[PDB]
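K.L.:
Protein chains in written order, with the entry's author numbering: chain A, 268 to 284, 293 to 334; chain B, 633 to 778; chain C, 1 to 27, 54 to 100; chain D, 342 to 406, 450 to 650; chain E, 1202 to 1401.
Think of the CB as a built atom: it goes at the ideal place given N, C-alpha and C, for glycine as much as any other residue.
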Amino acid sequence: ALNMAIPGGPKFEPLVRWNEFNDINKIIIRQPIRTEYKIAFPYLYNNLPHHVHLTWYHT
Amino acid sequence: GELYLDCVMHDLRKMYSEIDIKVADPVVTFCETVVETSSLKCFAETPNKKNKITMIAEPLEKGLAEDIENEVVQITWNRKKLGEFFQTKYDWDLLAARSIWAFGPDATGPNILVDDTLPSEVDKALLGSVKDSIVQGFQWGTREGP
Amino acid sequence: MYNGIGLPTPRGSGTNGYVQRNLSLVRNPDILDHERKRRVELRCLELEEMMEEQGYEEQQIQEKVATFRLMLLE
Amino acid sequence: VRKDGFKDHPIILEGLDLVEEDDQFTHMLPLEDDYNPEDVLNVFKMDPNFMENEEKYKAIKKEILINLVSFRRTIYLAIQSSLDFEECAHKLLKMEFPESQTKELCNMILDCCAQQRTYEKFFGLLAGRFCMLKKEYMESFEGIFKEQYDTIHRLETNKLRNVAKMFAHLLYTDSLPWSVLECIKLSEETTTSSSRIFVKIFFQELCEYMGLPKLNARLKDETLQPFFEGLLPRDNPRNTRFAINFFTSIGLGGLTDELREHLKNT
Amino acid sequence: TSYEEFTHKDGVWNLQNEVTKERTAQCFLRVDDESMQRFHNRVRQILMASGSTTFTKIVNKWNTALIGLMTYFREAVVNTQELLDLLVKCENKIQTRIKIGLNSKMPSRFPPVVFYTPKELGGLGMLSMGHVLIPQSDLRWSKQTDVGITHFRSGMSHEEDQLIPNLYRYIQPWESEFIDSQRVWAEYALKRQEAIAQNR
């Protein structure tokens, strides 16, 4: 539903098919925000989260 | 935490607003501390150029910040009780312990306003008269931070 | 497809896919003048004279000790 | 000790297993049992069968007593297949050559630019990326740079032009240090005409792609004057005259104004 | 320019001053979008006329248009990565048009041996664009900045290593061509002057 995939995970079609948040003078980069982070916290990391299924947490 | 804020943003995006809302990067907030004292005895003065105030900023000790933040010592204590607290375990001078005026940016914040002035003890009644306004200026300065 | 890197599907293109890592990427004098008076006031407080249990007599003894300390420092 | 299983101090230790377990015997002698200390055989005795005992002890003692061509082909095919030097270095790190042939790798870098009619910055950027990934390619480039200065005269004019552009693109990009550049000596007696033309083309590319006050700043710092004293001797002053007129007749001037006033006051 | 000069992959002309003979500026070179539009329309004309055209003539049309565009542009090609995507897609589409002209789309039945063999050896000899690796970087910061190369994608799935040679490693760059042209023509002018002067 958000069209990014694990290298071990399968790939699919895109389901759907300027911002000052993308300013380089307001973004500090220390660690990369990778696929796992955006999957685990979709409302935190993925703008426009649509039809997103939230995972189970740690049993 | 990130799970807490993702839950908050999920509640905002689903129940409390129907609007798709862009989210920036998560960062943290910092504070301001110092390493060495103020090398200049620096002053300012009132817009009517009569009252001239000179003060220096220096680092605090180890346990004092967490003690004020946990309210181990209080300004609600007696001044002698606060002096005994600063003199038994922090080994302060009694004059420097009685020189303490206010604590930090808020109620019991980790900054210590020491007013030890022998040139200005000749007008210490006027100094105590302007003590409260010095306390709100100190609280506002430590609240904002330059 | 992985992260924001790579084409989302190889069906549209003629590629197979297989995004892979670039291995070739590299990797104070007024403070001292006040501190002299602070040491003078510290000597004034350490004079104390709270052993004879006097009032103005202990204040006069502490003033005598303070003027003795000022004469010794000067 | 029970959790680690006595890993640091095992029961089986080296330096004490000099006896076979088949020849040894396992007997359980307890402390609470009547364990004889066997002090009878420890001391010497005057046995009447001493000759037979000595014979038995002596009997017991006697009983116990090519690829380089395929390397060139693979290197050249990967170079001509690769569009970018980034893709070329990534392909070479994919195929993972051993470090025993990094000088041969530098050799087929310099030869693949030597085959070019016109200099392309592809090979210079590849050389700089090889310098800036691992240090061993940089040391191989330094050693082959000294060897190329030893063998300037073997190459033709466009070949020496391309090799001069290699060493320029190593040095204005700071991919090689300036410390190995003391192999060049500005001496008209020993250096070849090809060496002088090589140094002239290399310094012309330096003066083109980076500024001449910046070049004088790079050339007049005191730390690299132990490596510039081959270039700038200020001794046997006909060689100083040769250096002055050489850096003037290139088209620069300027760089030898210190040598000019040295010639004036000496 | 901040930092220093940019050691660039021949698609930036370092601009030499006439007086000081020094690079004082940099000229980033890219390809116009209408040029890729016209090239894609030329490939569309090739596939348009491919219904009654033999395979060798199709390879000739492809190679002619490809070397015309490639020798016209050369240096600015490497800065335009969507041109490389169009090249890979059009190479795959003409190979797919060959797989439509035959009644098989089997990739084992269609190796690159049948395409990259020259017709002097009885093959086709169609040229080599898409046996390279597309550079990949951040799509967030690609629109704003220039962030270098972080990853690589294959052009098309070929048989393992291949190392099929790219044509840009046989065409000389424009800046080197102009510099060598000026040097060679000045040297020829001095040679002609010497021939006139000695009357030799």
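Output, in chain order, the set of chain D residues within a Cβ distance shorter than 8 Å of residue 1366(E).
P.N.:
Walking along the fifth sequence from the start, residue 1366(E) turns up at place 165. The answer, in chain order, is 461, 464 and 465.
K.L.:
Could you say which of 499(D), 479(D) and 567(D) lies nearest to residue 303(D) if we only look at CA atoms?
P.N.:
Lying outside 342 to 650, the shown extent of chain D, residue 303(D) is not represented and no answer is given.
K.L.:
Look at the alpha carbon of residue 477(D) and the alpha carbon of residue 1305(E), and state the distance between them as a whole number of angstroms.
P.N.:
Position 93 of the fourth sequence, counting from 1, holds the residue named residue 477(D). Position 104 of the fifth sequence, counting from 1, holds the residue named residue 1305(E). Looking at the two C-alpha atoms, the distance is approximately 37 Å.
K.L.:
With residue 417(D) and residue 618(D) assumed to form a contact (beta carbons below 8 Å), what rounded beta-carbon distance in angstroms separates them?
P.N.:
Missing from the coordinates is residue 417(D); the shown part of chain D jumps over it, going from 406 to 450.
K.L.:
Quick check on DSSP: helix, strand or coil for residue 746(B)?
P.N.:
For the purposes of this step, residue 746(B) is taken as the residue at position 114 of the second sequence. Note: residue 746(B) maps to strand in three-state DSSP.
K.L.:
Buried or exposed, going by whether 16 or more other CB atoms sit within 10 Å of the CB of residue 1366(E)?
P.N.:
Position 165 of the fifth sequence, counted from the start, is the residue given in the question as residue 1366(E). Buried, because 16 or more other Cβ atoms sit within 10 Å of the Cβ of residue 1366(E).
K.L.:
Relative to the C-alpha of residue 1354(E), which residue among 21(C), 4(C) and 3(C) is closest?
P.N.:
If you number the fifth sequence from 1, residue 1354(E) lands on position 153. Checked all of 21(C), 4(C) and 3(C); the closest Cα to residue 1354(E) is 21(C).
K.L.:
Ends of the beta strand (DSSP E) at residue 677(B)?
P.N.:
Taking the second sequence and counting its residues from 1, one reaches residue 677(B) at position 45. 674-677 is the span of the beta strand (DSSP E), which, as asked, contains residue 677(B).
K.L.:
In chain order, which continuous runs of the beta strand (DSSP E) of length 3 or greater are located wholly inside the region 1326-1379 of chain E?
P.N.:
You should have 1334-1337 and 1352-1355.
K.L.:
Would you mind telling me which residues of chain A sit closer than 7 Å to residue 16(C), beta carbon to beta carbon, in chain order?
P.N.:
Taking the third sequence and counting its residues from 1, the one referred to as residue 16(C) is at position 16. Those within 7 Å of residue 16(C) in chain A number zero; the least Cβ separation is about 12 Å.
K.L.:
Are the C-beta of residue 622(D) and some C-beta of chain G separated by less than 8 Å?
P.N.:
The displayed structure is made up of protein chains A, B, C, D and E, and chain G is not among them.
K.L.:
Determine, using beta carbons only, whether residue 562(D) and residue 555(D) come nearer to each other than 8 Å.
P.N.:
One-based indexing of the fourth sequence puts residue 562(D) at position 178. One-based indexing of the fourth sequence puts residue 555(D) at position 171. It is a contact, given that the beta carbons lie within the stated cut-off.
K.L.:
If you run the structure through DSSP and keep just helix, strand and coil, what is residue 283(A)?
P.N.:
Taking the first residue of the first sequence as position 1, residue 283(A) is located at position 16. Correct three-state label for residue 283(A): coil.
K.L.:
If we ignore side chains and look at the alpha-carbon of each, how far apart do residue 524(D) and residue 479(D) end up?
P.N.:
As a working note, residue 524(D) is residue 140 in the fourth sequence. As a working note, residue 479(D) is residue 95 in the fourth sequence. Looking at the two C-alpha atoms, the distance is approximately 19 Å.
K.L.:
If you draw a straight line from the alpha carbon of residue 726(B) to that of residue 712(B), how long is it in whole angstroms?
P.N.:
Position 94 of the second sequence, counting from 1, holds the residue named residue 726(B). Position 80 of the second sequence, counting from 1, holds the residue named residue 712(B). Each residue's Cα considered, the two are about 9 Å apart.
K.L.:
By the criterion of Cβ-Cβ separation under 8 Å, what are the contact partners of residue 1337(E) in chain A?
P.N.:
Within the fifth sequence, numbered from 1, the residue matching residue 1337(E) stands at position 136. The premise fails here: residue 1337(E) is roughly 14 Å from chain A at the closest Cβ pair, so nothing lies under 8 Å.
K.L.:
Tell me which same chain residues have a C-beta within less than 7 Å of the C-beta of residue 543(D), skipping the five on either side of it?
P.N.:
For this step, residue 543(D) is matched to residue 159 along the fourth sequence. 498, listed in sequence order.
K.L.:
Taking the DSSP output, what are the residues bridged to residue 19(C)?
P.N.:
For the purposes of this step, residue 19(C) is taken as the residue at position 19 of the third sequence. In DSSP, residue 19(C) forms a bridge with 1354(E).
K.L.:
Go ahead and pull the three-state DSSP assignment for residue 2(C).
P.N.:
As a first step, residue 2(C) is located in the third sequence; it is residue number 2 there, counting from the start. Residue state, collapsed to three classes: strand.
K.L.:
Whole angstroms is fine: what's the gap from residue 1389(E)'s alpha carbon to residue 1381(E)'s?
P.N.:
By one-based count along the fifth sequence, residue 1389(E) stands at place 188. By one-based count along the fifth sequence, residue 1381(E) stands at place 180. About 12 Å.
K.L.:
Taking Cβ positions, are residue 1241(E) and residue 1285(E) nearer each other than 8 Å?
P.N.:
As a first step, residue 1241(E) is located in the fifth sequence; it is residue number 40 there, counting from the start. As a first step, residue 1285(E) is located in the fifth sequence; it is residue number 84 there, counting from the start. No.
K.L.:
Excluding the five sequence neighbours on either side, which residues of its own chain have a C-beta within less than 8 Å of the C-beta of residue 766(B), listed in chain order?
P.N.:
Position 134 of the second sequence, counted from the start, is the residue given in the question as residue 766(B). Here the set comprises 685, 733, 745 and 747.
K.L.:
For residue 1401(E), does the three-state DSSP call read helix, strand or coil?
P.N.:
As a working note, residue 1401(E) is residue 200 in the fifth sequence. If DSSP states are grouped into helix, strand and coil, residue 1401(E) belongs with coil.
K.L.:
Let me confirm a value: residue 589(D) is counted as buried when at least 16 other C-beta atoms fall within 10 Å, else exposed. Which label applies?
P.N.:
One-based indexing of the fourth sequence puts residue 589(D) at position 205. Flag for residue 589(D) reads buried.
K.L.:
Residues in its own chain within less than 8 Å of residue 501(D) by CB, not counting five upstream and five downstream?
P.N.:
As a working note, residue 501(D) is residue 117 in the fourth sequence. Contacts found: 542.
K.L.:
If you pair each beta-carbon of the region 1271-1281 of chain E with each one of the region 1228-1237 of chain E, do three or more pairs fall below 8 Å?
P.N.:
Taking 8 Å as the limit for Cβ pairs, the verdict is that the region 1228-1237 of chain E does touch the region 1271-1281 of chain E.
K.L.:
Alpha carbon to alpha carbon, how far is residue 584(D) from residue 634(D)?
P.N.:
Taking the fourth sequence and counting its residues from 1, the one referred to as residue 584(D) is at position 200. Taking the fourth sequence and counting its residues from 1, the one referred to as residue 634(D) is at position 250. Going by the C-alpha atoms only, they are around 6 Å apart.
K.L.:
Restricting to runs no shorter than 4 residues, where is the alpha helix (DSSP H) found entirely within the region 540-573 of chain D?
P.N.:
The qualifying runs are 541-555.
K.L.:
Please look up how many angstroms separate the CB atoms of residue 510(D) and residue 469(D), rounded, as I've assumed it's under 8 Å.
P.N.:
Position 126 of the fourth sequence holds residue 510(D). Position 85 of the fourth sequence holds residue 469(D). About 4 Å separates the two Cβ atoms, so the contact holds.
K.L.:
Over the uninterrupted alpha helix (DSSP H) stretch that includes residue 1271(E), give me the two end residues.
P.N.:
Locating residue 1271(E) in the fifth sequence gives position 70, counting from the first residue. Start and end: 1256-1274.
K.L.:
Would you identify the three-state DSSP class for residue 578(B), choosing helix, strand or coil?
P.N.:
The question about residue 578(B) has no answer here: the residues shown for chain B are numbered 633 through 778.
K.L.:
If you check the beta carbons only, do residue 1296(E) and residue 1335(E) fall under 8 Å apart?
P.N.:
Taking the fifth sequence and counting its residues from 1, the one referred to as residue 1296(E) is at position 95. Taking the fifth sequence and counting its residues from 1, the one referred to as residue 1335(E) is at position 134. For residue 1296(E) and residue 1335(E), no; Cβs fall outside 8 Å.
K.L.:
Note the first and the last residue of the continuous beta strand (DSSP E) segment covering residue 704(B).
P.N.:
As a first step, residue 704(B) is located in the second sequence; it is residue number 72 there, counting from the start. Here residue 704(B) belongs to no beta strand (DSSP E), and DSSP marks it neither H nor E.
K.L.:
At the level of alpha carbons, what is the spacing between residue 19(C) and residue 282(A)?
P.N.:
On the third sequence, position 19 is the one that residue 19(C) refers to. On the first sequence, position 15 is the one that residue 282(A) refers to. Answer to the nearest angstrom: the Cα atoms are 21 Å apart.
K.L.:
List the residues of chain C that residue 636(D) touches, going by C-beta distances under 9 Å, in chain order.
P.N.:
As a working note, residue 636(D) is residue 252 in the fourth sequence. Ordered by position in chain C, no residue passes the 9 Å Cβ test against residue 636(D), which lies about 33 Å from the chain.
K.L.:
Closest by CA to residue 1292(E), which one among 1251(E), 1314(E) and 1357(E)?
P.N.:
In the fifth sequence, counting from the first residue as 1, residue 1292(E) sits at position 91. Here the closest residue by C-alpha is 1357(E).
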